[PDB]
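Heads up, the thing below is written out as structure tokens.
In order of appearance the chains are A, B, C, D, E, F, G, H, I, J and K, and numbering begins at 1 in each one.
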Amino acid sequence: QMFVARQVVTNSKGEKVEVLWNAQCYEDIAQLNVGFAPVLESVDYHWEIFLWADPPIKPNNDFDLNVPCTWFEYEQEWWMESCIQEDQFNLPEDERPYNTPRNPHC
Amino acid sequence: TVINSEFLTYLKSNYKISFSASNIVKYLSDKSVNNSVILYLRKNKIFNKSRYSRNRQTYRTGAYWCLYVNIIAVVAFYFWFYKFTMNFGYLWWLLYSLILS
Amino acid sequence: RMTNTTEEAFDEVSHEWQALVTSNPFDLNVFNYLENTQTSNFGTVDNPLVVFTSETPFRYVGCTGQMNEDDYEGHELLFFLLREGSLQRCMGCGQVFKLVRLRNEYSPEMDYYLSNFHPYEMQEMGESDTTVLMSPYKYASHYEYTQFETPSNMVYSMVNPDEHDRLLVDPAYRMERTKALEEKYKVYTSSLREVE
Amino acid sequence: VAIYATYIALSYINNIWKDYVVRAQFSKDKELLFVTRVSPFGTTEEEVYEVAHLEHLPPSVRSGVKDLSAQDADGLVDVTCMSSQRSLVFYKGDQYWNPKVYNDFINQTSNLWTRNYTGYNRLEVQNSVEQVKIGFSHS
Amino acid sequence: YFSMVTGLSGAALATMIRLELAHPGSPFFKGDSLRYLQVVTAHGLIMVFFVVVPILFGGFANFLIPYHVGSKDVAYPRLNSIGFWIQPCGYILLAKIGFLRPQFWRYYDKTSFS
Amino acid sequence: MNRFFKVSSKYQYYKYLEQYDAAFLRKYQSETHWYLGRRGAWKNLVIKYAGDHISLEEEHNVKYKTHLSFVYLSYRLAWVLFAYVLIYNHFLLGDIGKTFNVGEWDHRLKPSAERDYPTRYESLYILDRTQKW
Amino acid sequence: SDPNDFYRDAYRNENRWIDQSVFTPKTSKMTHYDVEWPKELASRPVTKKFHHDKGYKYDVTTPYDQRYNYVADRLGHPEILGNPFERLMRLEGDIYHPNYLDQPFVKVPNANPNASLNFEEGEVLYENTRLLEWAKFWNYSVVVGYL
Amino acid sequence: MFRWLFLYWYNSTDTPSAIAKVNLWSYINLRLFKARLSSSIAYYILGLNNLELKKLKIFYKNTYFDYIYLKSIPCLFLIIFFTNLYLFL
Amino acid sequence: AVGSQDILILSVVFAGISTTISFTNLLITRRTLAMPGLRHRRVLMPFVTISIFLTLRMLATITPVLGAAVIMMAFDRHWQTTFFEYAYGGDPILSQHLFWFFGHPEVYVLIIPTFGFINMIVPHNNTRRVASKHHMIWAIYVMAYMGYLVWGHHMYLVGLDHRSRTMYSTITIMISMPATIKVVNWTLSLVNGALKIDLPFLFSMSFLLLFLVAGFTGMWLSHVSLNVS
Amino acid sequence: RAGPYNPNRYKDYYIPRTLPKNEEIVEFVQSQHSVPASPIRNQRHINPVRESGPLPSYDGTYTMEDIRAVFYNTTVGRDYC
Amino acid sequence: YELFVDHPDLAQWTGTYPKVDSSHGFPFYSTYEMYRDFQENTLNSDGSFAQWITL
């Protein structure tokens, strides 16, 4: 419940750094399991969500400083496209016409 | 202030300035410095991590203030419209608890 | 209108003035206005998104992915606990988050993050001679006006708790330290002028 | 309303009359000043002040000097106790002053109201501050 | 927990209405048309203003809003406590009207003796 | 500059004023330090400690707190009265006549109400009054 | 001060490795900061017994006799004592609270005046006795008018 | 006194670490007023070697009424001319 | 007569003031203490929180109207101000106008928060994003501020002018469209996902089933001819 | 029980307790401006690289076609495969 | 752009995006969260149907 995975990646400066994948919740900190043990069970119950009164943060990224998507960006449309494909009927290649006349102007 | 010529020459020889100061104090004249007022900031350990100062974690007076608000509403409405007043003597031991307390 | 810190500033108020005048990241982060937090870059391994904490181990962070002008949000908000230590990543978009636990010190490491904070607003500091503007036209765009002015000839110097008590109880010690600080300020200004 | 209206009126009437001085007597060594002031019902009330603390301070606004009651020969002199943050008001009329201790008192309680309060000319501007010598004793 | 107590009170008032409406002839109130009307009004007011509202804006809103906005506490912790402790009086006033009448005595009480 | 001339006091501590300029004294003891100039300021520390603790929250004045006797009487009365309200309205509604007493008082212009009498003494006194305009 | 000319040289991709490296610049050492401060910071007293849940290793109290004495003025401050009326009434005041009076670093002023001061009467400097008659006249007049 | 953020954050000598040596923090040196950009649009486009800043200034903000009145004269006469045509029409 | 009726009148005013404290505390909490990044982005917050805040705004708008009407009732009973006495200018129908002006938004206040539970639970158990969250938010909002012009459908037969009667009927039926939008969005959130059946999910399905009949019956009540009977 | 605690009743050492010397301040300012200052943070992506691995190839041992053929075979059961 | 730099509070109220470009790498000192209710609850945006009914 603390980290769902970890990886070791070599950054552009040649140093190897550890990256941990935090457990997440669906927009609801109440459902989030705040724990400090490698345990799935929700053991810790906190009366004060913010013990030190420090506010949480929801960072907003500047579009100027953004970077083109590269984290499996080729999968964003996969779900919708694949759902449509499941019902789509594909013509067999042998029955599909081939070697048709070229366009006169292309 | 006056800086000794020999001391100034020593600084120039040992250090060559190649960057401009970013502090705006460089522009201040002697008159501005003289008119400046010194204020002291108390620096200590920091425990509160919010803009708002520490708030008390209990409200005893409010809880009892609400109890009276409940009592006034029930007693006042019953007396004005029902004309009924609770007979505290029926449960005499709760009245005695008040007396004993 | 500006509070006399040497007489009234203590603990929280004193810390707030330190953030205003010194803009130290540790103090500035604590008193950063909730409404606006400075926009940052998109988290990457080489350039991770930095989240600051004031001497706390973890902070609740939320992610919405790559933001676009049409929608302003990448994916639905997901909350996680960003903990001090190594870099951490969001499953949905891979954004990398780094937790910086700022410390109450003046060191080049802290100065490295000066650009990562909004300057602390001054208009709401001190005491205001106007309670609130009864104007429906500019209720959410204007602060309260001031009949008086704000002096700008004020120089702040940090002092320890026991020292601060000494300044209050002993006026003679207060005068002696004040005169010395003025002399150092005169020296500091003159040195800057020579450098220029 | 009756209880607090009476309390506020009487308490604030006392505060207004508190500043004015009825009697002022030095100690044997002229180290303390005993001041008699008006009580809430108009009787005498005793207080003690230190001559060193007592001081005649100039107005914060420098254009308000002409508006001081001290401009008049029969005006009022506002002496401030810098330790207790209290004000002592004395009539300027010599009839109310002892003429063999008055001179020392006004010469002892008027040390901070000096010439530089009015500014510096170009002859005394340089001398307005003490020059700081740096590096003369060592390089 | 307060909502559960009020909810049970609303359920009890609903049971009284249903028992009276079970079959014609007033098997429950036995001709007390006025008493039935008071019970019906108490049922409506208690359920609306003292069952649903406390559950949503009292329990859920207080419990969830700090989670979903990121606040140490509500802007007015005192008011939040005040709002909760004020509910009982309103609930009692609107819930017990069926029992309470200005003419408390029953039809067979010989008021001429007092 | 206009330095402080002399201090005609036998307390050697006060002679610190002689080492500074009058303008310096005015700046740090008269203009913005008037509430602090040449004062101990011990009360500032004492009041600061008083406000930054978990002391009794019942306040009457800036100088004094509420009398404990008044506080305890209010709290004891609040609990018992609150307990009576809950118990009577949830358990003792079967017999209203036995559980509640009927009383009132009307405007003195109108004739005295039949229920206007001192409770617990209706078996010992009868109360009446003369109408007033 | 041309912006484009400065930026095109100041920030370059090939210099990324050294552009974002934090280092302590070489500056002349200051005794007050680089010599004196570490000494005093390291020489702090240490206590074996400290509040485990909230305290630290350096939470060492300063003895009362070592607290700085109060020498601002000789006149006493009886407000610290608590007048008998407040005591009899049982009122609790912050000014005369034992915990708040026990300041950590500085002693509060003594309730009694310093032994150096002599309260023997000297000679009258200023005297305006008619103010009492004026005060009585105004105070009574406003009370009658207020009544 | 800076106009550009990149210049402002390039070489800073008044940082808290440096000022902490003297322990003097003048009010005139607040970060709030330390840097402020110009009101004219400035955007970056890729050059031959690196980013270059281009300013988009459209109109001035110091025109006076006398200039505006002269520019409005043709419009006023056209309104008079069109109205007269309608009356004669 | 004097008795329970008067206690209800004052208690309603008492409840209104209790509501005044409630939404004042919660609304200011969102506006002043919301975390950075969620100050104005209503979309990001969970649907229950969105629905709660919208209802609190509705309560603030309508609470004074109820208070004034209830206060006028108290004066008429005791002081005999004849506010609702037709003999000397009173308007008995004015009381119904003021109450129902708050009345209908109240029931909308009760229901709007309920939609939030299903909108959060279904995505959680389905491992899928909710369908058209933005449109659902605007669907509830339009219902919120369009319910202030349908208070008269509780007064069709009172004898009000046909011009007002038609306006209330026409707006009332139009309210059905945003409700249909939420229903389709709820249905679409259950398709093409990883379903994790749990007791909260089952209650959500029961909630959906009851709502469909509930709203449909209400739409029939909008039928003016049927509403008469 | 640990007992009462008040952190404000203990000395702090965040600031040096001795003022600087005039000459040292002048020398420090000279030295500070005679050498470059420490850099401030910058949030610009310099030669950004893919967070994941290389983009799957058109042809090879493992292609994007192999990835595309997985969506249709997705099951999370109660027993291992 | 002038409104954003000079009066950020009004610019956020009106719904304008931050007009400055941070390509140089240093974020601006007056950035703010976007309030897009005016531009979203419109006939031309996600609130199109709601405004059609309201209209």
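By definition in this document, contacts are C-beta pairs under 8 Å (C-beta built on N, C-alpha and C of every residue); 3 or more make two chains touch, one makes a residue touch a chain.
**Q** How many hops, at fewest, get you from chain B to chain I via touching chains?
**A** Tracing touching chains, the least step count from chain B to chain I comes to 1.
**Q** Using the touch rule from the top, work out which pair, H-J or I-K, shares more C-beta pairs.
**A** More C-beta contacts join the chains of I-K.
**Q** CA centre of chain B versus CA centre of chain F: separation in Å?
**A** Comparing mean C-alpha positions, chain F is 21 Å from chain B.
**Q** Averaged over CA atoms, how far is the centre of chain D from the centre of chain K? Could you give it in whole Å?
**A** 59
**Q** Round to the nearest whole Å and give the separation of the Cα centres of chain I and chain J.
**A** Using C-alpha averages as centres, the distance is 48 Å.
**Q** Averaging over Cα atoms per chain, report the distance between chain F and chain H in Å.
**A** So the centroids are 58 Å from each other.
**Q** Which residues of chain E are in contact with two or more other chains?
**A** Within chain E, the residues that touch at least two other chains are 64, 66, 68, 70-72, 82, 86, 88-90, 92-93, 100-102, 104.
**Q** Return the residues of chain F touching two or more other chains; collapse runs of consecutive numbers into ranges.
**A** Residues 10-11, 13, 25, 28-29, 32, 35, 37-40, 42, 45, 52, 85, 89, 96, 100, 102.
**Q** Multi-chain contacts only, two chains or more: what residues does chain A have there?
**A** Expected reply: 12-13, 26-29, 49-50, 52-60, 62, 65, 67, 70-72, 79.
**Q** Please name which positions on chain G make contact with chain K in the complex.
**A** Contact set of chain G toward chain K: 7, 11.
**Q** Mind pulling up the chain F residues that touch chain D in the complex?
**A** Touch residues, chain F against chain D: 1-2, 4-5, 7-11, 14, 17, 21-23, 25-26, 29-31, 34-35, 37-40.
**Q** Along chain D, where are the residues that touch chain G in the complex?
**A** Within the complex, chain D contacts chain G at residues 5-6, 9-10, 13, 17, 20-34, 38, 40-44, 48, 50, 53, 83, 90-91, 96-98, 101-102, 105.
**Q** Within their complex, state which residues of chain C touch chain A.
**A** Of all residues in chain C, those touching chain A are 30, 34, 37, 39-42, 44-46, 49, 51, 53-54, 56, 59-64, 66-69, 76-83, 86-96.
**Q** Which chain K residues qualify as touching chain C in the complex?
**A** 7, 9-10, 13, 17-18, 22, 26-34, 36
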